[PDB]
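The structure under discussion appears below in the form of C-alpha cells.
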Amino acid sequence: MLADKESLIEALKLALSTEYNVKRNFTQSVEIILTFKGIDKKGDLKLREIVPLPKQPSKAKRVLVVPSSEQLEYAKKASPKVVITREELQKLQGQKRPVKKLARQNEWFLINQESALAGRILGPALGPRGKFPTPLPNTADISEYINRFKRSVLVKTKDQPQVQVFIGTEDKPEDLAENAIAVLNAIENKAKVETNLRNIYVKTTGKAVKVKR
Amino acid sequence: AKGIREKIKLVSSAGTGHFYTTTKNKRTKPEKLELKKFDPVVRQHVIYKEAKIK
RNA sequence: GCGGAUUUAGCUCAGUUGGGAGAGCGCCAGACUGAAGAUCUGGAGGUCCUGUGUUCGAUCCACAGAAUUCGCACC
RNA sequence: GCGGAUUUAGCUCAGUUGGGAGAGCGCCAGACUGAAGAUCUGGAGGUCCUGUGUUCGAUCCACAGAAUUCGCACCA
RNA sequence: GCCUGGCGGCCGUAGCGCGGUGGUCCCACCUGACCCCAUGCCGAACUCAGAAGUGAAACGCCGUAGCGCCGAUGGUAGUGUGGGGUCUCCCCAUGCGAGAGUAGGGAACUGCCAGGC
RNA sequence: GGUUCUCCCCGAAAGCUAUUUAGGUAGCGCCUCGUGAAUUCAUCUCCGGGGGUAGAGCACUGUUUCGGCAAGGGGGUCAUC
RNA sequence: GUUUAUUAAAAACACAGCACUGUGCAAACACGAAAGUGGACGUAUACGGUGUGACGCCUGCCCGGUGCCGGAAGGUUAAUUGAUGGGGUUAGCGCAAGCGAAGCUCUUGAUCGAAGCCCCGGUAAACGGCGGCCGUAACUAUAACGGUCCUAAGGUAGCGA
RNA sequence: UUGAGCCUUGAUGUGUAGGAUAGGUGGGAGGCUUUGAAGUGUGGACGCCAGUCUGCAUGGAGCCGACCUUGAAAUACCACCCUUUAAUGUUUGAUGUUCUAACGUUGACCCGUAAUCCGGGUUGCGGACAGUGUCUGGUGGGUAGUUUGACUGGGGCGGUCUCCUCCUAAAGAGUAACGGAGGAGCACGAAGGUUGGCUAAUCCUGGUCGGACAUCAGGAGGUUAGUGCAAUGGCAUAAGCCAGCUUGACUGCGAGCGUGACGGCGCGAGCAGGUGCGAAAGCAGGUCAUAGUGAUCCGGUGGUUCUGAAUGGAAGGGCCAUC
C-alpha cells in the first residue's frame, strides 16, 4: 500500500497547529504531497486522476463555466466561480491578457459542446502548468455536476518526480483524512508499482509534515 | 520437488472463492500457456488465473 | 555365459545432437634446393563391421548375427 | 529463484553527453622471406543477449524475460 | 401360391465365380441446386429438388458340382471305472467317439406387417 | 536341556501367506469346552460350456521331399565380369 | 653371544656413526589431583626422533602421483562480528474494520574469514614407480637404428637363481 | 593514525536571447514597509577575479512578480532537500605503537636460618604474555566398541524380498537354481473432450522444378496396413485419424455389496441441490492400462469459530491443506 487513513488523520492533527499552519490573513488550506523513486519516462507511472473530494471543505474549488441558453438559467443559480456564453467566445479572439488571467486564477472550465472556440485559444497558457476543461452535459438540471468540479483536484504528474494538491482547510483533520485516502486509492489502481515511493507528506500555506509511515 | 526435469507443483488459488490446490506441470516446455474457467464453490464457471496467469 | 570395448585415413587414434566425416604425421604438388627433407602454403588420403529398425537425416543408438578383446563366473 | 553485476567481433572486453558503435589477441592479405614465425600496415569482424515503452534520434534511459555469475535460502 | 418394402429370429451350408434376365413399380442412379448443410477440396459422401431417361449399375434372382464347403453305417485314437500283466503300459470287462478311409452332401432357413398378380 | 503316582473317549500339533528369517515371530485350524442357527455341507442323478491335461491335424507360420515348372535362379558357351 | 624361556635356537638382529629433526631455553616428556623428581647439578658437538647395518666407499637419480610440512601473492566462506528486511510486545491514531512510534527484543549469513587446501614452493631415507603397435644389421635374428601417441609411464646405481 | 554519526565552519559556476552571472522540485498573485528597517545610485580599496570590504546618496517617491517583453528553461513570496567531503568541535569503536603497582618469580641479592621445604622485601627479568572452558578444523589406529540379514547341490565373487511379465513348475491358488528372455524407478501446456468424418498402401500408368520418394485421377477392388521408447494384447459401429467448437476431470451422500487384518482398494440403484453436456434418444469421473513411496514414528506449516487445568487473550492441542 501507499498509506491508510489513521496514518494521515494522526498527521493532519499536527499540520493544522499554530506551529505548522503559520497564519497570514484568512482561513487557509491543507495539501497531500507524495514523491517517487525509480520514476522515469516509460508510461506505467504517469497519472491525471481527477478526484472529486469525499468531504468538501469551508473553501470551494475555483470553477469557470460555459452554457447554452436553455440550461443557462439553471447554471446562473448554481454558483459557478465565473461565466461566459457559448456565444461570446467569438468576441475573445486574440485577447492574450484575459487568456493568461483565466488560466492563472481559475482551476476548472466546463463547456457545452457548442463552445468549440474554448479548445483553441486557451491551451497555450494553461498547459505548461497543467489544468484542464471538460465537456459539461447539455441539460437544465445541472447543479450537482457544477458542484462536482467546484470540489475536485488533479493528480498532475505526466513526467515529473512528485504530486501535490489541496485537500482541506483549517477546521477538522478527521473528515480531511477521508479526503486524502481517496486520492491514494485512485493512484494505486493506475500506477501498480508500490515500492517506487521516496516519501509521503502533508503540507500547509507553507510548512510540511513527516507523516508516521 | 527433489530433481530438475521433474513434474512440479504450482500453488493454485481461485479467481473468486480464495480456495487453493496443486498437482502437475513441467519446466521441460514453454510456460506462458494456461488459464482455465473452473470453480471450487461450483456456483458459476467464470474466472481462474490458475497458479500461472497465462 | 554376462557385461563392456572395438572393426573411423600408411601411423596414433580423436570425433559422433543422429544432416559436415577429422587433425599430430606420411605422401603429392607448389617452390627454396641440381635433389630431397626440415619449414612452408595448397590438396588429398575412408570397408566409418554387416544386416534390420527408430528417424527428416544412423558413422554413431536400439535390436539380431559375425569377429577381434578384457574383467569376472570354474576351485 | 533473494539482490547486485555482466552479456557489445571467435574469445577477453571498451561502450557515461542518447547523436561516428569499436579496440586487443587472433584470422585474412600484402610488403618482407629463400619458404614460415616476427615486425609494419591495409582489410575482414554483430541476436548491440531478448522485445518493447519513452525520445526528433535508443547499446545507451526504463520495465519484463533468459543465460553466464557472486554471495544466498532451507526443521513440508 | 407368386412378387416387393420395412424389421427381426439368423455367428458362416449363413463364402466367391461364370453368366442370363429384370423395372416409369421398390431402389435408385442420373441430372439440376444459392440453399438446410459445406466438403478445414469437390453433393463423389449424407442432402435438397425430381423434372427427363434407361437399367451402366446400385439391387435382386434363375441356372449352376470351377473354388470355400458337407458326411452315413462302421473301424480307431486315447482313457475314467476296474482286473491282471509288463523293455520303451498293454489287453480285457465296461462309460462311448474327434479324425485316416468309403458309401456319399451342395448354393441355408424361418417369422412379423403393409402393398402388388 | 527334563514331564517327579493312576485312568479314558474326541485328537497327524508338525502348514496356504512369508520373515535386515534362522528349531526365533503378528494373527491362526481342518481343533475342542460354552454360546447362536438354516435343507447347512459332500458324493451321485442332472442342468449348462468355458477349460485346454490329453489327443488329432499340415489350416497358419515353420517346412520334408518326390513329382511337375511358379518370367525364381544356376550350369555350359558367344561376349566387354 | 643366549636375546623372544612355549614351535624356530637364530638363517632374530642390540651395534654405531649422521644428514635431518623437538628445546635459545621454567629445555622435550607429566606418570601423581598440588610435585619439578628422569634429562640435571645440566645447552641445540649435552638429551630425545623413526631407523641405521663391521670397515670403507657409495648413494647415481627422476617430482607424475601421494606424502613431509611451510606460507600468503589469493578465492572457496566460520566461532569472530552484526547492512538490512520481515516479525512479536505495544503507545498514539480508528464508532468499526484496523493502521502503528520509541524502547525491549526475535529472526538476518550484512561483512571481514583458512584449520583443510585451490595453490606457491622445497623434499632423492615419502610413496612407489621403466607404456605399446608399426618398420628393421653383408644369415638365422640377434635386437644397436626409426616416426609417433597428452601414456604418469618400457627393467635402471647389478650379480645372475 | 584510522572507522561511525552530526552542519558549529567551508564549497567543487559562466552561452547564447532576456537593459541583467537561470541547480532542480512546487504552490499562486502577490511580498517587504517600526525610519535607524529595507532596498536603490555613485565613489574608493583588496585581489587564487568568480568572494567581497569600506565610504557617501536618497528613502510613506512606490520598487521586485503573473500583469509588458525574452528564452534551452523564469524571476517578486513561502515551501522542499542536505550530500559526494574537508577543517574542528561534540559524540565514540579499533589496530598498530609500547610503559608497566597487574603477573610469574623454577633469577639474584637481602633475609627468619649452622635450613633441601619454606616466610617476606629490595632488586632483576620478561610481560596483559600465562591459564584453561568450548565453538570451527583434520590428525592418526596411541582406550573402548561392534562383527549387522538371507539365499549356502558349505562359503569369497556372480543372482534376487523390491514389484513385474513370460519361460521353467504338478490348471482353482502356488513351490528356484550364483537358471532362460527382458525389466518402472516414469509419464500431458495436452498423448485434453463431447457432436461430427470415414477410408490407408505397395506396385502398375500419367504429368512444372526428376532420376528411391512425398497431394493426386484410375487400377485390381486382394479385408497381402499402420504401433511416435521398452513389450504382450488390442481390432475397424476404428481408439489410429482431425477439422470446427473449446479444456467438468460437479460439490455431497448412497439401497447394493466385492469383502479384507488397522491401512484400504473398488463402483452403483436412488436423494439433494441446481451444476454443465446435447435436438433427441439421453451419456459420464480425463494421458492405450500394464511400471511409478513411504511400516510410521518424529516433523513442519498454513488457515480456523473446534478448543485451552478460576478466567480473558494465548502456548500447546482438534479440523484438515500444504510434504
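Letters A, B, ... mark the chains of the C-alpha cells in the order given; residue numbers begin at 1 per chain; ligand numbers begin at 1, in order shown.
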
* Excluding segment 12-23 of chain B and any residue of its chain fewer than 5 positions from it, enumerate the residues within 6 Å of it, using only C-alpha atoms (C1' of nucleotides), and give them as a PyMOL selection string. => chain B and resi 47-48+50-51

* Who sits within 12 Å of residue 46 of chain G, only C-alpha atoms (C1' of nucleotides), same chain under 6 positions skipped, as a ChimeraX atom specification -> /G:23,27,39-40

* To do: For residue 146 of chain G, work out the shell of residues within 12 Å, counting only C-alpha atoms (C1' of nucleotides) and skipping chain neighbours fewer than 6 positions away, then give it as a ChimeraX atom specification.
  => /G:134-136

* To do: Considering only C-alpha atoms (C1' of nucleotides), extract the chain A residues located within 8 Å of chain D and return them as a ChimeraX atom specification.
  => /A:40-43

* **Residue contacts of residue 2 of chain D (12 Å, only C-alpha atoms (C1' of nucleotides)) excluding same-chain residues fewer than 2 positions away, as a PyMOL selection string** => (chain D and resi 4+71-73) or (chain G and resi 85)

For those residues, write N, CA and C atoms (P, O5', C5', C4', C3', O3' and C1' of nucleotides) to a file as a PDB file, in the first residue's frame.
ATOM      1  P     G D   4      18.441  -5.524  -7.858  1.00  0.00           P
ATOM      2  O5'   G D   4      20.043  -5.541  -7.829  1.00  0.00           O
ATOM      3  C5'   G D   4      20.782  -4.499  -7.202  1.00  0.00           C
ATOM      4  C4'   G D   4      22.318  -4.776  -7.260  1.00  0.00           C
ATOM      5  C3'   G D   4      22.973  -4.828  -8.627  1.00  0.00           C
ATOM      6  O3'   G D   4      22.968  -3.555  -9.367  1.00  0.00           O
ATOM      7  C1'   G D   4      23.789  -6.558  -7.177  1.00  0.00           C
ATOM      8  P     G D  71      30.813 -17.467  -4.549  1.00  0.00           P
ATOM      9  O5'   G D  71      29.882 -16.894  -3.386  1.00  0.00           O
ATOM     10  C5'   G D  71      30.396 -16.175  -2.329  1.00  0.00           C
ATOM     11  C4'   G D  71      29.345 -15.310  -1.560  1.00  0.00           C
ATOM     12  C3'   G D  71      28.212 -16.105  -0.918  1.00  0.00           C
ATOM     13  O3'   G D  71      28.452 -16.575   0.384  1.00  0.00           O
ATOM     14  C1'   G D  71      27.203 -14.404  -2.296  1.00  0.00           C
ATOM     15  P     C D  72      27.629 -17.797   1.085  1.00  0.00           P
ATOM     16  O5'   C D  72      26.088 -17.453   0.884  1.00  0.00           O
ATOM     17  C5'   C D  72      25.426 -16.432   1.620  1.00  0.00           C
ATOM     18  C4'   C D  72      24.046 -16.175   1.072  1.00  0.00           C
ATOM     19  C3'   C D  72      23.182 -17.330   1.498  1.00  0.00           C
ATOM     20  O3'   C D  72      23.021 -17.460   2.945  1.00  0.00           O
ATOM     21  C1'   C D  72      22.439 -16.623  -0.653  1.00  0.00           C
ATOM     22  P     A D  73      22.533 -18.904   3.516  1.00  0.00           P
ATOM     23  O5'   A D  73      20.959 -19.032   3.074  1.00  0.00           O
ATOM     24  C5'   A D  73      20.035 -18.103   3.516  1.00  0.00           C
ATOM     25  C4'   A D  73      18.600 -18.371   3.065  1.00  0.00           C
ATOM     26  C3'   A D  73      18.072 -19.603   3.741  1.00  0.00           C
ATOM     27  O3'   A D  73      17.679 -19.386   5.093  1.00  0.00           O
ATOM     28  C1'   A D  73      17.512 -19.554   1.493  1.00  0.00           C
TER      29        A D  73
ATOM     30  P     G G  85      15.509  -1.513   5.973  1.00  0.00           P
ATOM     31  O5'   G G  85      14.737  -2.817   5.632  1.00  0.00           O
ATOM     32  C5'   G G  85      14.546  -3.261   4.309  1.00  0.00           C
ATOM     33  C4'   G G  85      14.040  -4.701   4.330  1.00  0.00           C
ATOM     34  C3'   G G  85      12.811  -4.990   5.217  1.00  0.00           C
ATOM     35  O3'   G G  85      11.564  -4.638   4.721  1.00  0.00           O
ATOM     36  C1'   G G  85      14.393  -6.653   5.645  1.00  0.00           C
TER      37        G G  85
END

* Pull out every residue of chain H sitting within 7 Å of chain B, counting only C-alpha atoms (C1' of nucleotides), and send them as a PyMOL selection string. => chain H and resi 189+251+275

With N, CA and C atoms (P, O5', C5', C4', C3', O3' and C1' of nucleotides) kept, could you save the residues just selected as a PDB file, in the first residue's frame?
ATOM      1  P     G H 189       3.411 -31.223 -20.746  1.00  0.00           P
ATOM      2  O5'   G H 189       2.224 -30.367 -21.332  1.00  0.00           O
ATOM      3  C5'   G H 189       2.252 -29.878 -22.669  1.00  0.00           C
ATOM      4  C4'   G H 189       1.259 -28.730 -22.829  1.00  0.00           C
ATOM      5  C3'   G H 189       1.771 -27.724 -23.763  1.00  0.00           C
ATOM      6  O3'   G H 189       1.521 -28.020 -25.141  1.00  0.00           O
ATOM      7  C1'   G H 189       0.794 -26.727 -21.745  1.00  0.00           C
ATOM      8  P     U H 251     -16.246 -33.141  -7.502  1.00  0.00           P
ATOM      9  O5'   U H 251     -17.004 -32.383  -6.287  1.00  0.00           O
ATOM     10  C5'   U H 251     -16.401 -31.231  -5.757  1.00  0.00           C
ATOM     11  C4'   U H 251     -17.530 -30.348  -5.022  1.00  0.00           C
ATOM     12  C3'   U H 251     -17.927 -30.916  -3.657  1.00  0.00           C
ATOM     13  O3'   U H 251     -16.932 -30.596  -2.701  1.00  0.00           O
ATOM     14  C1'   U H 251     -19.835 -30.111  -4.886  1.00  0.00           C
ATOM     15  P     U H 275     -25.596 -23.652  -7.857  1.00  0.00           P
ATOM     16  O5'   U H 275     -24.667 -24.738  -8.610  1.00  0.00           O
ATOM     17  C5'   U H 275     -24.317 -24.586 -10.001  1.00  0.00           C
ATOM     18  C4'   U H 275     -23.667 -25.844 -10.643  1.00  0.00           C
ATOM     19  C3'   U H 275     -23.433 -25.624 -12.131  1.00  0.00           C
ATOM     20  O3'   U H 275     -22.196 -24.963 -12.263  1.00  0.00           O
ATOM     21  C1'   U H 275     -24.079 -27.827 -11.772  1.00  0.00           C
TER      22        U H 275
END

* List the neighbours of residue 149 of chain A out to 9 Å using only C-alpha atoms (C1' of nucleotides); skip same-chain residues closer than 4 positions along the sequence, and give me the result as a list in words. =>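 Skipping anything fewer than 4 positions along the chain leaves residues 52, 61, 62, 63, 108, 109, 110, 144, 145 and 153 of chain A.
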
* For segment 35-51 of chain F: contacts at 12 Å, only C-alpha atoms (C1' of nucleotides), fewer than 2 positions along chain excluded, given as JSON, numbers by chain -> {"F": [33, 53], "H": [171, 172]}

Could you dump the residues just selected with N, CA and C atoms (P, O5', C5', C4', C3', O3' and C1' of nucleotides) as a PDB file, in the first residue's frame?
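Generated file (part_28.pdb):
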ATOM      1  P     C F  33     -15.730 -81.365  23.776  1.00  0.00           P
ATOM      2  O5'   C F  33     -15.893 -80.150  24.693  1.00  0.00           O
ATOM      3  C5'   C F  33     -15.808 -80.184  26.062  1.00  0.00           C
ATOM      4  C4'   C F  33     -15.717 -78.839  26.719  1.00  0.00           C
ATOM      5  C3'   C F  33     -16.957 -77.945  26.534  1.00  0.00           C
ATOM      6  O3'   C F  33     -18.119 -78.246  27.334  1.00  0.00           O
ATOM      7  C1'   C F  33     -15.069 -76.719  26.043  1.00  0.00           C
ATOM      8  P     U F  53      -2.877 -77.123 -21.021  1.00  0.00           P
ATOM      9  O5'   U F  53      -2.950 -78.507 -20.168  1.00  0.00           O
ATOM     10  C5'   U F  53      -2.766 -79.771 -20.803  1.00  0.00           C
ATOM     11  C4'   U F  53      -2.634 -80.861 -19.828  1.00  0.00           C
ATOM     12  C3'   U F  53      -2.527 -82.210 -20.589  1.00  0.00           C
ATOM     13  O3'   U F  53      -1.216 -82.664 -20.646  1.00  0.00           O
ATOM     14  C1'   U F  53      -4.414 -82.179 -19.255  1.00  0.00           C
TER      15        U F  53
ATOM     16  P     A H 171      -2.226 -79.488 -11.807  1.00  0.00           P
ATOM     17  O5'   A H 171      -2.814 -78.441 -12.771  1.00  0.00           O
ATOM     18  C5'   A H 171      -1.967 -77.379 -13.248  1.00  0.00           C
ATOM     19  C4'   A H 171      -2.765 -76.131 -13.527  1.00  0.00           C
ATOM     20  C3'   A H 171      -3.620 -75.674 -12.289  1.00  0.00           C
ATOM     21  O3'   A H 171      -2.882 -74.941 -11.369  1.00  0.00           O
ATOM     22  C1'   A H 171      -4.982 -75.560 -14.237  1.00  0.00           C
ATOM     23  P     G H 172      -3.234 -75.094  -9.818  1.00  0.00           P
ATOM     24  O5'   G H 172      -4.813 -74.787  -9.737  1.00  0.00           O
ATOM     25  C5'   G H 172      -5.121 -73.388  -9.553  1.00  0.00           C
ATOM     26  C4'   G H 172      -6.642 -73.189  -9.768  1.00  0.00           C
ATOM     27  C3'   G H 172      -7.110 -71.785  -9.505  1.00  0.00           C
ATOM     28  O3'   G H 172      -6.912 -70.941 -10.661  1.00  0.00           O
ATOM     29  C1'   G H 172      -8.664 -73.405  -8.649  1.00  0.00           C
TER      30        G H 172
END

List every residue of chain A that has an atom at most 12 Å from any atom of chain H, and for each one report the closest atom pair and its distance in Å to one decimal, counting only C-alpha atoms (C1' of nucleotides), with rows sorted by chain and then by increasing residue number, as a Markdown table.
| residue | atom | partner | partner_atom | distance |
| --- | --- | --- | --- | --- |
| A:20 | CA | H:79 | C1' | 11.5 |
| A:22 | CA | H:78 | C1' | 10.5 |
| A:23 | CA | H:78 | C1' | 11.7 |
| A:24 | CA | H:78 | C1' | 11.2 |
| A:29 | CA | H:27 | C1' | 11.2 |
| A:30 | CA | H:27 | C1' | 11.5 |
| A:31 | CA | H:27 | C1' | 9.8 |
| A:32 | CA | H:27 | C1' | 12.0 |
| A:33 | CA | H:26 | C1' | 9.9 |
| A:34 | CA | H:26 | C1' | 11.8 |
| A:35 | CA | H:25 | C1' | 10.1 |
| A:36 | CA | H:25 | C1' | 11.9 |
| A:96 | CA | H:67 | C1' | 11.2 |
| A:97 | CA | H:67 | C1' | 8.0 |
| A:98 | CA | H:67 | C1' | 10.3 |
| A:99 | CA | H:66 | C1' | 11.8 |
| A:100 | CA | H:66 | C1' | 8.1 |
| A:101 | CA | H:66 | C1' | 7.9 |
| A:102 | CA | H:66 | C1' | 11.0 |
| A:103 | CA | H:66 | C1' | 10.2 |
| A:104 | CA | H:66 | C1' | 7.2 |
| A:105 | CA | H:28 | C1' | 8.1 |
| A:106 | CA | H:28 | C1' | 10.7 |
| A:107 | CA | H:28 | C1' | 11.4 |
| A:125 | CA | H:66 | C1' | 11.1 |
| A:128 | CA | H:73 | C1' | 11.7 |
| A:129 | CA | H:26 | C1' | 10.6 |
| A:156 | CA | H:26 | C1' | 11.6 |
| A:157 | CA | H:26 | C1' | 11.9 |
| A:160 | CA | H:25 | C1' | 8.6 |
| A:161 | CA | H:25 | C1' | 7.6 |
| A:162 | CA | H:25 | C1' | 7.8 |
| A:163 | CA | H:26 | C1' | 8.9 |
| A:164 | CA | H:26 | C1' | 7.6 |
| A:165 | CA | H:27 | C1' | 8.9 |
| A:166 | CA | H:27 | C1' | 9.6 |
| A:199 | CA | H:81 | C1' | 11.8 |
| A:201 | CA | H:80 | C1' | 10.8 |
| A:202 | CA | H:79 | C1' | 11.6 |
| A:203 | CA | H:79 | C1' | 8.5 |
| A:204 | CA | H:79 | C1' | 8.6 |
| A:205 | CA | H:78 | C1' | 7.8 |
| A:206 | CA | H:79 | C1' | 5.1 |
| A:207 | CA | H:79 | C1' | 6.1 |
| A:208 | CA | H:79 | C1' | 7.5 |
| A:209 | CA | H:80 | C1' | 11.0 |
| A:210 | CA | H:80 | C1' | 11.9 |

* **residue 7 of chain D environment, 9 Å, only C-alpha atoms (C1' of nucleotides), sequence neighbours closer than 5 positions dropped, as JSON, numbers by chain** => {"D": [49, 67, 68]}

Write out as an mmCIF file with N, CA and C atoms, in the first residue's frame all residues of segment 1-48 of chain B that DSSP puts in strand (DSSP E) for this structure's backbone.
data_model
loop_
_atom_site.group_PDB
_atom_site.id
_atom_site.type_symbol
_atom_site.label_atom_id
_atom_site.label_comp_id
_atom_site.auth_asym_id
_atom_site.auth_seq_id
_atom_site.Cartn_x
_atom_site.Cartn_y
_atom_site.Cartn_z
ATOM 1 N N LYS B 7 8.366 -33.369 -12.722
ATOM 2 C CA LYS B 7 6.961 -32.926 -12.641
ATOM 3 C C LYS B 7 6.831 -32.114 -11.323
ATOM 4 N N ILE B 8 6.421 -30.808 -11.423
ATOM 5 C CA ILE B 8 6.393 -29.914 -10.248
ATOM 6 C C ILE B 8 5.007 -29.386 -9.925
ATOM 7 N N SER B 12 -2.171 -23.032 -6.546
ATOM 8 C CA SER B 12 -3.308 -22.619 -7.440
ATOM 9 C C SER B 12 -4.530 -22.027 -6.717
ATOM 10 N N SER B 13 -4.575 -20.749 -6.364
ATOM 11 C CA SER B 13 -5.773 -20.140 -5.832
ATOM 12 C C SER B 13 -6.846 -19.705 -6.922
ATOM 13 N N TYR B 20 -7.402 -22.942 -2.664
ATOM 14 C CA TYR B 20 -6.239 -23.262 -3.448
ATOM 15 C C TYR B 20 -5.923 -24.740 -3.510
ATOM 16 N N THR B 21 -5.283 -25.188 -4.623
ATOM 17 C CA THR B 21 -4.918 -26.575 -4.968
ATOM 18 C C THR B 21 -3.579 -26.660 -5.696
ATOM 19 N N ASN B 25 2.436 -29.701 -13.448
ATOM 20 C CA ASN B 25 3.000 -29.198 -14.739
ATOM 21 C C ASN B 25 4.533 -29.423 -14.841
ATOM 22 N N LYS B 26 5.213 -28.769 -15.781
ATOM 23 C CA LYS B 26 6.578 -29.090 -16.169
ATOM 24 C C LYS B 26 7.440 -27.898 -16.715
#

* Mind giving me the straight-line distance from atom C1' of residue 61 of chain E to atom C1' of residue 21 of chain E in Å, one decimal? =>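 The value is 8.9 Å.
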
* To do: Taking only C-alpha atoms (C1' of nucleotides) into account, report as a VMD selection string which residues of chain G lie within 9 Å of chain A.
  => chain G and resid 92 to 94 98 to 101

Output file for the selection above: C-alpha atoms (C1' of nucleotides), as a PDB file, in the first residue's frame:
ATOM      1  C1'   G G  92      -0.601   7.226  19.610  1.00  0.00           C
ATOM      2  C1'   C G  93      -4.385   7.310  15.820  1.00  0.00           C
ATOM      3  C1'   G G  94      -9.579   4.367  14.451  1.00  0.00           C
ATOM      4  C1'   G G  98      -7.650  -1.927  11.730  1.00  0.00           C
ATOM      5  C1'   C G  99      -3.097   1.311  10.942  1.00  0.00           C
ATOM      6  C1'   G G 100       1.113   1.654  14.048  1.00  0.00           C
ATOM      7  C1'   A G 101       6.460   5.351  17.172  1.00  0.00           C
TER       8        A G 101
END

* Structure fact -> Atom pair atom CA of residue 10 of chain B + atom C1' of residue 323 of chain H, distance 14.0 Å

* Asked: At what distance in Å, to one decimal, does atom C1' of residue 260 of chain H lie from atom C1' of residue 28 of chain F?
  -> 15.6 Å
